[PDB]
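Below is one structure, written out as structure tokens; comments come after it.
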Amino acid sequence: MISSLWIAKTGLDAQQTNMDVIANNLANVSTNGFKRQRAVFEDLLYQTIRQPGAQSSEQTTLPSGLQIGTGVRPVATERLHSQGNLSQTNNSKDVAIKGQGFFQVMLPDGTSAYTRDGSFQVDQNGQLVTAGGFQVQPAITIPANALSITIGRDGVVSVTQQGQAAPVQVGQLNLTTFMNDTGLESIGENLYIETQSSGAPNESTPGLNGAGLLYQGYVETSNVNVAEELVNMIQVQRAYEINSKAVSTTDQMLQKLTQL
Amino acid sequence: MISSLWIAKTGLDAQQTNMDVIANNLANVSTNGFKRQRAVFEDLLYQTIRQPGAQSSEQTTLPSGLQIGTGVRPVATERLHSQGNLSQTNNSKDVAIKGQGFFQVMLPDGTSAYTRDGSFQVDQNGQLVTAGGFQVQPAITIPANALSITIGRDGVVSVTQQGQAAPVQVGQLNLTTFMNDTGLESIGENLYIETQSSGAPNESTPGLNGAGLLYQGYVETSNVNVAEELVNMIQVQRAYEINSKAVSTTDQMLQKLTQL
Amino acid sequence: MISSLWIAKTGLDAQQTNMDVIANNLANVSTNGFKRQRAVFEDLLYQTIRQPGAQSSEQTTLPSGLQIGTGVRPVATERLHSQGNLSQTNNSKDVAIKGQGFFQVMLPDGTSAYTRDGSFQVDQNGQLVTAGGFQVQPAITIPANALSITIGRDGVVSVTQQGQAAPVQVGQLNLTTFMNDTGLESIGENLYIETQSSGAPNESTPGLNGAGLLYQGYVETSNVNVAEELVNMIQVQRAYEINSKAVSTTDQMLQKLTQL
């Protein structure tokens with residue numbers, strides 16, 4: 001209708017998207033291994049009426065031409081892959097990560113996923129799963145008669161059989177490092193998958209190739225700064241205020257145009 | 001949005017970091033060998049509106065030009081290395097340092113760390129470690145036939161055997177001094193590794209070379225005096241409240257500007 | 001549009017700048033050496049209609065003619081250069097100043113900066129810097145075997161060498177005073193640079209030529225009176241409410257002028 005109303009409508013969309021991101025970040029506190037999301041905006045087309053160059057006379061040049069511009073297209077959303085605060089959970093099946101790296105997982109479809117959540121489990125077969133039956137990889141089988149499981153900072157997992165006075169080594173839990181942590185696609189279930197923005201996964205032992213270490217009895221908390229989220233909430237609410245006010249102003253302009 | 005909103009957001013971040021380090025410091029009260037960590041801040045941009053010079057006439061000078069300023073960027077959370085108190089544990093294997101000095105430790109990964117905590121122990125192979133396999137330099141092996149172990153205030157550790165009534169020295173436990181005691185970076189367990197900001201660690205025997213003294217049967221408590229850090233908490237809490245008040249004031253600001 | 005709306009616009013802008021200053025002061029509590037800021041306002045033009053003199057008859061004079069006037073232009077923001085509270089940081093590497101004076105610093109561009117911050121640090125080459133490798137003036141190098149670094153109230157820095165029982169004089173730490181402390185142009189980083197309104201810098205040893213003393217082991221706190229900032233913030237919230245009411249009244253006047 002008016003060139004102003006479309007611009008204000010894009011502004012409403014941008015503030016709504018940013019509030020969506022804030023709400024998702026806010027709600028996923030107390031979700032282990034969650035990475036705060038941050039939306040990055042970017043303006044669309046500038047429809048030019050007079051080119052910024054475009055010499056008018058033989059001496060004049062017309063500095064700073066007239067172009068109007070529209071829109072606030074949300075160009076991306078990054079994800080902050082910083083180390084989350086560890087907390088002492090005192091459970092032997094909670095393993096957290098100190099440094100870059102992801103646990104690998106086999107999805108039921110056969111393709112591989114990745115996750116930074118160590119709140120593991122043992123299923124009715126004794127294998128190592130994660131809250132959804134997702135077999136960690138490479139498969140780790142805990143013998144039935146084990147009384148404890150110890151997962152060292154080197155990822156070398158061993159169990160203590162009854163009777164035998166030895167922690168028989170039951171496997172090695174290795175991490176995976178990507179070149180672009182932010183580029184991983186999130187599929188829910190606190191699981192990521194491979195995509196060409198991430199790059200080829202580099203599987204490695206914890207400690208080497210820049211991978212992290214493993215802390216048994218710790219859980220990695222979501223790095224959601226409540227203070228920043230709340231100030232963002234205030235600002236987004238006020239920006240939505242202002243943009244709806246712009247829509248209202250253009251609407252009144254149009255209605256007085258119509259009345260004539 | 002509004003300039004004051006951005007500036008107060010930076011302030012809220014800064015005071016949240018203050019209270020975070022204060023809470024971490026309370027988390028380590030009565031834990032021997034802990035140092036009161038402190039945060040050092042830094043102001044960001046100053047938006048110049050009128051230059052403080054800006055000759056406004058042939059002769060007029062306009063002193064104290066107008067400029068606004070933003071933000072409270074925290075440069076660092078530095079590590080205060082000050083002398084703390086000593087408590088009586090009455091253990092010969094627990095040593096406390098009085099004055100300047102750091103305990104040399106050969107890290108299990110093969111590097112060098114230092115700690116102001118001397119609750120050493122003896123392992124199965126005789127190496128002098130302290131709650132985590134922290135071996136000192138030079139390597140000292142306690143004889144297996146030892147009866148009593150005594151560590152002198154000068155850094156000499158010795159053992160006594162059956163029959164012979166002579167306290168033959170078995171090892172030298174010398175201190176390590178830093179030009180900069182603060183720049184050290186922790187690697188956990190109160191171990192701090194040599195850093196480019198700490199200065200060259202000079203290996204010097206206790207008593208001589210301007211080092212401190214060794215107290216046997218004593219342990220160095222954390223320098224976290226409850227009274228001082230409670231005073232800090234009260235002040236920082238006031239700062240946090242007033243900054244949040246500025247944020248809400250800018251909110252009410254904008255709300256009345258929009259109810260316009 | 002309407003003269004009322006322009007005058008009120010300037011009023012809103014002035015109150016906004018005042019709130020910006022208050023918010024910057026409020027955020028910068030607990031920032032070492034920070035100086036409070038105060039905004040000085042200044043009304044704009046007075047558009048005369050009947051001249052205040054302007055003899056009407058051959059004997060009468062028309063006292064107090066009619067002139068309308070506009071605007072509240074904020075003319076300046078002075079920086080209160082009063083001494084802050086010293087607090088016992090107990091660090092051998094933090095030195096505050098008692099009285100007038102700034103630590104000169106050589107920027108990477110080479111131009112002379114000045115800081116009232118005593119959180120000095122040492123780089124990998126051993127010298128004295130300030131939290132970012134800003135090489136203090138005059139050139140000072142702490143020897144590698146130095147143990148304790150004392151900064152005398154006279155301003156001489158000396159180090160405790162390896163073995164030798166002498167605190168060898170290793171450098172001089174001398175301040176700079178200006179005729180116009182308020183005129184220094186802040187550039188962030190807790191740094192002030194000379195401007196043509198500050199006056200030429202005068203270099204002298206601490207304690208002399210009017211400069212202040214050096215207090216080793218202390219840090220100077222920002223001289224921000226929190227309650228004063230609170231009262232200022234309440235006042236500016238009221239003023240902004242009032243000016244928004246003025247804008248609303250002018251707008252309603254216009255609206256039923258057009259509805260006419």
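Residues are referred to by chain and number: the chain letter is A, B, ... according to the order shown in the structure tokens, the number counts from 1 in that chain, and ligands are numbered separately from 1 in the order shown.
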Item checked: Residues near stretch 242-247 of chain B, cut-off 7 Å, only C-alpha atoms, skip fewer than 5 positions along chain, as an NGL selection string -> (:B and (5 or 8 or 11-12)) or (:C and (23 or 26-27))
For the residues in that selection, give me N, CA, C and O atoms as an mmCIF file, in the first residue's frame.
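again-v8.cif, freshly written:
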data_model
loop_
_atom_site.group_PDB
_atom_site.id
_atom_site.type_symbol
_atom_site.label_atom_id
_atom_site.label_comp_id
_atom_site.auth_asym_id
_atom_site.auth_seq_id
_atom_site.Cartn_x
_atom_site.Cartn_y
_atom_site.Cartn_z
ATOM 1 N N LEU B 5 19.966 2.665 27.846
ATOM 2 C CA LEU B 5 19.692 1.237 27.962
ATOM 3 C C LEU B 5 20.941 0.412 27.695
ATOM 4 O O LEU B 5 21.245 -0.520 28.444
ATOM 5 N N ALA B 8 23.499 0.939 30.654
ATOM 6 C CA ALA B 8 23.097 0.227 31.856
ATOM 7 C C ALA B 8 23.141 -1.281 31.661
ATOM 8 O O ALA B 8 23.357 -2.014 32.626
ATOM 9 N N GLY B 11 26.602 -2.103 32.414
ATOM 10 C CA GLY B 11 26.791 -2.040 33.853
ATOM 11 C C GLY B 11 26.244 -3.255 34.577
ATOM 12 O O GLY B 11 26.856 -3.749 35.530
ATOM 13 N N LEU B 12 25.072 -3.733 34.160
ATOM 14 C CA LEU B 12 24.511 -4.935 34.766
ATOM 15 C C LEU B 12 25.406 -6.137 34.524
ATOM 16 O O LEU B 12 25.601 -6.959 35.422
ATOM 17 N N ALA C 23 23.364 7.267 33.629
ATOM 18 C CA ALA C 23 23.518 5.830 33.445
ATOM 19 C C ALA C 23 24.982 5.445 33.304
ATOM 20 O O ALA C 23 25.402 4.401 33.812
ATOM 21 N N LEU C 26 26.406 5.492 36.685
ATOM 22 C CA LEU C 26 25.849 4.427 37.498
ATOM 23 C C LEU C 26 26.491 3.095 37.161
ATOM 24 O O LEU C 26 26.774 2.290 38.051
ATOM 25 N N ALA C 27 26.733 2.848 35.880
ATOM 26 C CA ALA C 27 27.340 1.590 35.484
ATOM 27 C C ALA C 27 28.788 1.504 35.929
ATOM 28 O O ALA C 27 29.286 0.410 36.205
#
Margin query: Could you tell me which residues of chain A sit within 12 Å of chain C when counting only C-alpha atoms, and give me the result as a PyMOL selection string?
Written below: chain A and resi 252+256+259
Checklist line | Nearby residues (only C-alpha atoms) at most 7 Å from stretch 134-142 of chain A, same-chain spacing under 5 positions excluded, as number ranges by chain | finding: A: 104-107, 126-129, 170-171
Keeping only N, CA and C atoms, write the selected residues as a tab-separated table (two decimals), in the first residue's frame.
chain	number	residue	atom	x	y	z
A	104	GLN	N	29.58	-38.66	20.23
A	104	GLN	CA	28.89	-39.18	19.06
A	104	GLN	C	27.79	-40.13	19.49
A	105	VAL	N	26.78	-40.26	18.64
A	105	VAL	CA	25.59	-41.04	18.92
A	105	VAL	C	25.11	-41.66	17.62
A	106	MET	N	24.55	-42.86	17.70
A	106	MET	CA	23.90	-43.48	16.55
A	106	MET	C	22.39	-43.29	16.65
A	107	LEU	N	21.83	-42.51	15.74
A	107	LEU	CA	20.39	-42.40	15.63
A	107	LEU	C	19.80	-43.71	15.11
A	126	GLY	N	22.44	-53.35	29.17
A	126	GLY	CA	23.68	-52.92	29.76
A	126	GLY	C	24.51	-51.96	28.93
A	127	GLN	N	24.07	-51.64	27.71
A	127	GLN	CA	24.82	-50.70	26.89
A	127	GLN	C	24.62	-49.27	27.37
A	128	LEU	N	25.51	-48.38	26.91
A	128	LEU	CA	25.49	-46.98	27.32
A	128	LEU	C	24.57	-46.19	26.40
A	129	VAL	N	23.44	-45.73	26.93
A	129	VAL	CA	22.49	-44.93	26.17
A	129	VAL	C	22.41	-43.54	26.78
A	170	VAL	N	36.50	-51.48	30.03
A	170	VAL	CA	35.39	-51.84	29.16
A	170	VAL	C	35.30	-51.00	27.89
A	171	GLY	N	36.04	-49.90	27.79
A	171	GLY	CA	36.05	-49.20	26.52
A	171	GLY	C	36.71	-47.85	26.60
Can you move chain C onto chain B by a least-squares fit over all C-alpha atoms paired in order, then give me the moved copy as a short mmCIF file (atom, residue, chain, number, x, y, z; two decimals) with C-alpha atoms, in the first residue's frame?
data_model
loop_
_atom_site.label_atom_id
_atom_site.label_comp_id
_atom_site.auth_asym_id
_atom_site.auth_seq_id
_atom_site.Cartn_x
_atom_site.Cartn_y
_atom_site.Cartn_z
CA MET C 1 17.93 0.22 20.70
CA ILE C 2 18.76 3.06 23.09
CA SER C 3 22.16 4.18 24.32
CA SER C 4 20.84 4.23 27.89
CA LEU C 5 19.96 0.55 27.63
CA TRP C 6 23.40 -0.43 26.35
CA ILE C 7 25.18 1.50 29.09
CA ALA C 8 22.93 -0.02 31.74
CA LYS C 9 23.46 -3.48 30.23
CA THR C 10 27.20 -3.09 30.70
CA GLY C 11 26.55 -1.93 34.25
CA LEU C 12 24.49 -5.03 35.04
CA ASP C 13 27.19 -7.25 33.57
CA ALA C 14 29.87 -5.52 35.64
CA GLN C 15 27.92 -5.90 38.87
CA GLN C 16 27.27 -9.54 37.98
CA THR C 17 30.99 -10.20 37.56
CA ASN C 18 31.68 -8.44 40.86
CA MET C 19 29.13 -10.62 42.61
CA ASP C 20 30.66 -13.69 40.96
CA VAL C 21 34.07 -12.75 42.38
CA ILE C 22 32.57 -12.13 45.82
CA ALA C 23 30.72 -15.45 45.76
CA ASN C 24 33.84 -17.34 44.75
CA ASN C 25 35.80 -15.77 47.60
CA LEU C 26 32.95 -16.48 49.98
CA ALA C 27 32.69 -20.14 49.06
CA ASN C 28 36.45 -20.65 49.33
CA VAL C 29 36.86 -19.99 53.01
CA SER C 30 38.51 -22.89 54.85
CA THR C 31 40.36 -23.78 51.62
CA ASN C 32 44.06 -24.05 52.36
CA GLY C 33 46.31 -21.53 50.64
CA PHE C 34 43.49 -19.84 48.72
CA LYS C 35 44.11 -16.22 47.76
CA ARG C 36 41.37 -13.58 47.77
CA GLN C 37 40.22 -11.98 44.51
CA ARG C 38 39.47 -8.33 43.74
CA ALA C 39 37.83 -7.00 40.59
CA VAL C 40 39.09 -3.81 38.95
CA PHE C 41 36.65 -2.01 36.65
CA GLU C 42 37.26 0.33 33.75
CA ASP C 43 34.83 2.47 31.77
CA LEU C 44 34.40 1.90 28.04
CA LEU C 45 34.56 4.37 25.11
CA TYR C 46 33.51 8.00 25.34
CA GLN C 47 31.65 9.00 22.19
CA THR C 48 32.46 12.65 21.62
CA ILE C 49 29.93 15.09 20.19
CA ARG C 50 31.66 18.44 20.73
CA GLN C 51 35.41 18.08 21.11
CA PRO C 52 36.82 19.25 24.48
CA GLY C 53 39.15 21.64 22.70
CA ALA C 54 37.78 22.65 19.32
CA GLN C 55 38.01 26.43 19.17
CA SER C 56 34.54 27.77 18.48
CA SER C 57 35.42 31.37 17.69
CA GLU C 58 38.82 32.81 16.81
CA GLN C 59 39.41 33.58 20.51
CA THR C 60 37.09 31.39 22.59
CA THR C 61 37.79 27.70 23.10
CA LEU C 62 34.74 25.79 24.42
CA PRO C 63 36.16 24.29 27.62
CA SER C 64 34.88 20.91 28.76
CA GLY C 65 33.17 19.73 25.62
CA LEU C 66 30.34 17.20 25.57
CA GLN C 67 31.15 13.50 25.51
CA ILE C 68 28.68 10.85 26.58
CA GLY C 69 30.50 7.63 27.28
CA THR C 70 29.37 4.06 27.85
CA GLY C 71 30.09 0.95 29.79
CA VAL C 72 31.86 -0.31 32.91
CA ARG C 73 34.08 -3.02 31.39
CA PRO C 74 35.75 -5.06 34.16
CA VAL C 75 39.40 -4.82 33.19
CA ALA C 76 41.01 -7.22 35.65
CA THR C 77 40.70 -9.51 38.66
CA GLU C 78 43.84 -9.33 40.76
CA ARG C 79 44.65 -12.05 43.29
CA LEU C 80 45.88 -10.73 46.63
CA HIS C 81 49.06 -12.68 47.38
CA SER C 82 49.33 -11.89 51.07
CA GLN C 83 50.30 -14.34 53.79
CA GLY C 84 47.46 -16.25 55.39
CA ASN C 85 46.99 -17.36 58.97
CA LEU C 86 48.88 -20.50 59.93
CA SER C 87 46.99 -23.07 61.99
CA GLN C 88 48.48 -25.96 63.95
CA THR C 89 47.17 -28.97 62.05
CA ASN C 90 49.57 -31.09 64.16
CA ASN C 91 50.21 -33.42 61.18
CA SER C 92 53.75 -34.52 60.41
CA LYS C 93 52.76 -34.38 56.72
CA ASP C 94 51.36 -30.84 56.43
CA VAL C 95 53.85 -28.03 55.81
CA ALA C 96 52.92 -24.39 55.35
CA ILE C 97 55.07 -21.59 53.97
CA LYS C 98 55.88 -18.42 55.90
CA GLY C 99 56.58 -15.85 53.21
CA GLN C 100 56.86 -15.81 49.45
CA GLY C 101 57.25 -19.06 47.54
CA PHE C 102 55.51 -21.97 45.85
CA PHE C 103 56.05 -25.71 45.76
CA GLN C 104 56.84 -26.70 42.20
CA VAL C 105 54.98 -29.71 40.79
CA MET C 106 55.33 -31.83 37.66
CA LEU C 107 52.01 -32.32 35.90
CA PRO C 108 51.13 -35.49 33.97
CA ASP C 109 51.65 -33.40 30.84
CA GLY C 110 55.06 -32.57 32.31
CA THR C 111 54.65 -28.80 32.36
CA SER C 112 55.58 -27.05 35.58
CA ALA C 113 52.76 -26.18 37.98
CA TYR C 114 53.04 -24.50 41.36
CA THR C 115 51.02 -24.84 44.55
CA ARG C 116 50.92 -23.09 47.90
CA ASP C 117 49.47 -26.16 49.62
CA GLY C 118 51.37 -28.31 52.07
CA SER C 119 48.93 -31.22 52.40
CA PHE C 120 51.56 -33.59 51.05
CA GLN C 121 50.82 -37.28 50.69
CA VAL C 122 52.66 -40.46 49.73
CA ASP C 123 51.62 -42.80 46.93
CA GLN C 124 52.09 -46.57 46.70
CA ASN C 125 55.68 -46.00 45.52
CA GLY C 126 56.49 -44.03 48.69
CA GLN C 127 57.33 -40.70 47.07
CA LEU C 128 56.02 -37.27 47.96
CA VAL C 129 52.96 -36.05 46.05
CA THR C 130 50.12 -33.58 46.65
CA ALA C 131 46.62 -35.05 46.86
CA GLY C 132 46.33 -36.62 43.44
CA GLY C 133 49.73 -38.09 42.70
CA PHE C 134 51.21 -34.78 41.57
CA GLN C 135 54.89 -35.66 41.89
CA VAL C 136 56.52 -32.75 43.73
CA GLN C 137 59.85 -31.26 42.69
CA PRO C 138 62.63 -32.10 43.08
CA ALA C 139 62.17 -35.88 43.11
CA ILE C 140 61.82 -37.14 46.69
CA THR C 141 61.30 -40.74 47.84
CA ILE C 142 60.42 -41.57 51.44
CA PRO C 143 62.03 -44.92 52.38
CA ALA C 144 59.63 -47.70 53.26
CA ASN C 145 60.94 -48.10 56.81
CA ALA C 146 60.71 -44.38 57.59
CA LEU C 147 58.79 -43.57 60.77
CA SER C 148 58.63 -39.77 61.20
CA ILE C 149 59.11 -37.33 58.31
CA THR C 150 60.45 -33.91 59.25
CA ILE C 151 60.56 -30.96 56.85
CA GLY C 152 63.11 -28.54 58.24
CA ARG C 153 62.62 -24.79 58.10
CA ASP C 154 65.69 -24.76 55.86
CA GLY C 155 63.90 -27.12 53.47
CA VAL C 156 65.69 -30.45 53.89
CA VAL C 157 63.52 -33.55 54.23
CA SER C 158 64.92 -36.46 56.25
CA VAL C 159 63.47 -39.76 57.44
CA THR C 160 63.87 -41.84 60.60
CA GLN C 161 65.09 -45.22 59.36
CA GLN C 162 64.51 -48.73 60.69
CA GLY C 163 66.83 -49.41 63.62
CA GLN C 164 69.56 -46.91 62.73
CA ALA C 165 69.45 -43.93 65.10
CA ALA C 166 69.89 -41.26 62.46
CA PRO C 167 67.42 -39.03 60.56
CA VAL C 168 69.10 -39.61 57.22
CA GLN C 169 69.02 -36.72 54.74
CA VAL C 170 66.71 -38.04 52.03
CA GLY C 171 65.88 -35.01 49.88
CA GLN C 172 65.68 -31.27 49.35
CA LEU C 173 62.38 -29.33 49.21
CA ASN C 174 63.06 -25.98 47.57
CA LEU C 175 60.68 -23.21 46.56
CA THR C 176 60.19 -21.00 43.52
CA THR C 177 59.58 -17.26 43.49
CA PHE C 178 58.25 -15.06 40.69
CA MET C 179 58.54 -11.37 39.97
CA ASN C 180 54.75 -11.14 39.50
CA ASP C 181 52.91 -13.38 41.94
CA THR C 182 49.61 -11.81 40.85
CA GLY C 183 50.17 -12.90 37.26
CA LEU C 184 50.09 -16.65 37.85
CA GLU C 185 47.19 -18.21 35.94
CA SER C 186 45.14 -20.42 38.23
CA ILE C 187 44.03 -23.69 36.66
CA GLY C 188 42.13 -25.09 39.61
CA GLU C 189 43.35 -27.81 41.95
CA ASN C 190 44.99 -25.02 43.98
CA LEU C 191 47.56 -24.88 41.17
CA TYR C 192 49.16 -21.92 39.43
CA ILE C 193 51.05 -22.19 36.15
CA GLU C 194 53.66 -19.80 34.83
CA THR C 195 52.41 -17.25 32.31
CA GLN C 196 54.24 -14.71 30.22
CA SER C 197 53.22 -12.05 32.76
CA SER C 198 54.32 -13.84 35.92
CA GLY C 199 57.98 -13.79 34.94
CA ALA C 200 60.53 -16.54 34.83
CA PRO C 201 60.50 -18.83 37.89
CA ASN C 202 63.48 -18.58 40.25
CA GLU C 203 64.23 -21.80 42.15
CA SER C 204 65.95 -21.55 45.52
CA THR C 205 66.05 -23.15 48.94
CA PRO C 206 63.47 -21.97 51.48
CA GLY C 207 64.55 -19.00 53.55
CA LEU C 208 66.96 -17.66 50.93
CA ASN C 209 66.73 -15.55 47.76
CA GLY C 210 63.70 -13.86 49.30
CA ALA C 211 61.70 -17.07 49.54
CA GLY C 212 59.88 -17.98 52.73
CA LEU C 213 60.45 -20.63 55.37
CA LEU C 214 58.79 -24.02 55.70
CA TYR C 215 56.67 -24.61 58.80
CA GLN C 216 56.16 -28.31 59.40
CA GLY C 217 52.94 -29.33 61.07
CA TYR C 218 50.99 -26.23 60.01
CA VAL C 219 48.52 -25.35 57.28
CA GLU C 220 48.04 -21.93 55.71
CA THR C 221 44.45 -20.73 55.70
CA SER C 222 42.71 -18.76 52.98
CA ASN C 223 43.19 -15.05 53.61
CA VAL C 224 39.48 -14.34 53.22
CA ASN C 225 38.22 -11.59 55.52
CA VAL C 226 34.61 -12.66 55.99
CA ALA C 227 33.31 -9.27 57.12
CA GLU C 228 34.94 -7.53 54.16
CA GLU C 229 33.23 -9.98 51.82
CA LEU C 230 29.91 -9.32 53.58
CA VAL C 231 30.22 -5.56 53.12
CA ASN C 232 31.19 -6.08 49.49
CA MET C 233 28.14 -8.28 48.99
CA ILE C 234 25.81 -5.67 50.48
CA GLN C 235 27.35 -3.01 48.26
CA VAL C 236 26.99 -5.06 45.08
CA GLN C 237 23.38 -5.88 45.92
CA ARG C 238 22.68 -2.15 46.18
CA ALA C 239 24.50 -1.41 42.93
CA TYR C 240 22.60 -4.12 41.07
CA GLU C 241 19.29 -2.78 42.38
CA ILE C 242 20.24 0.66 41.11
CA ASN C 243 21.24 -0.53 37.65
CA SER C 244 18.03 -2.52 37.31
CA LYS C 245 16.17 0.69 38.15
CA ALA C 246 18.06 2.38 35.32
CA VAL C 247 17.04 -0.35 32.89
CA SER C 248 13.43 -0.04 34.04
CA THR C 249 13.42 3.71 33.48
CA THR C 250 14.87 3.36 29.99
CA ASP C 251 12.27 0.71 29.17
CA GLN C 252 9.38 2.91 30.31
CA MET C 253 10.78 5.80 28.28
CA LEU C 254 10.77 3.51 25.25
CA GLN C 255 7.30 2.16 25.94
CA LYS C 256 5.60 5.51 25.96
CA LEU C 257 7.74 6.61 23.05
CA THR C 258 6.11 3.83 21.05
CA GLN C 259 2.63 4.33 22.51
CA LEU C 260 2.91 7.85 21.05
#
Next item on the list: Please give the complete set of residues from stretch 76-215 of chain B that DSSP, run on the backbone, assigns to strand (DSSP E), formatted as a PyMOL selection string.
Entry: chain B and resi 76-79+86-88+94-98+102-106+112-115+118-119+121-122+128-129+148-151+156-160+169-172+175-177+185-186+192-193+202-204+213-215
